[PDB]
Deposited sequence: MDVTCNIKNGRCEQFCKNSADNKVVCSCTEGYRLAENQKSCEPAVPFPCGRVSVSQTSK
């Protein structure tokens, strides 16, 4: 469950085992992952860090 590898989730885990994400995101591909749902999601580096 949530005690083993965070219940396979990427951000939030909950046993009822389901997963959730923070604001600006959504459940990615209905799996235990989180994908962006807003053009500028929080805590992400969008500018290119090349060179």
**Deposited residues without C-alpha coordinates, grouped into stretches that follow sequence order** = 1-3, 20-23, 59
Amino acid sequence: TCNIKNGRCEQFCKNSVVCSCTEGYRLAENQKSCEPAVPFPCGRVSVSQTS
From here on, numbers count along this sequence of modelled residues.
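Think of the rigid core as the biggest set of C-alphas that the two forms share within 1.5 Å after superposition.
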**Message:** Fitting on the rigid core only, I'd like to know which of the two stretches, 38-46 or 24-32, ends up farther away in Cα terms in 5 other deposited structures of this protein.
**Reply:** 24-32
**Asked** Which has the higher mean CA temperature factor in the PDB entry, 37-45 or 21-29?
**Response** 21-29
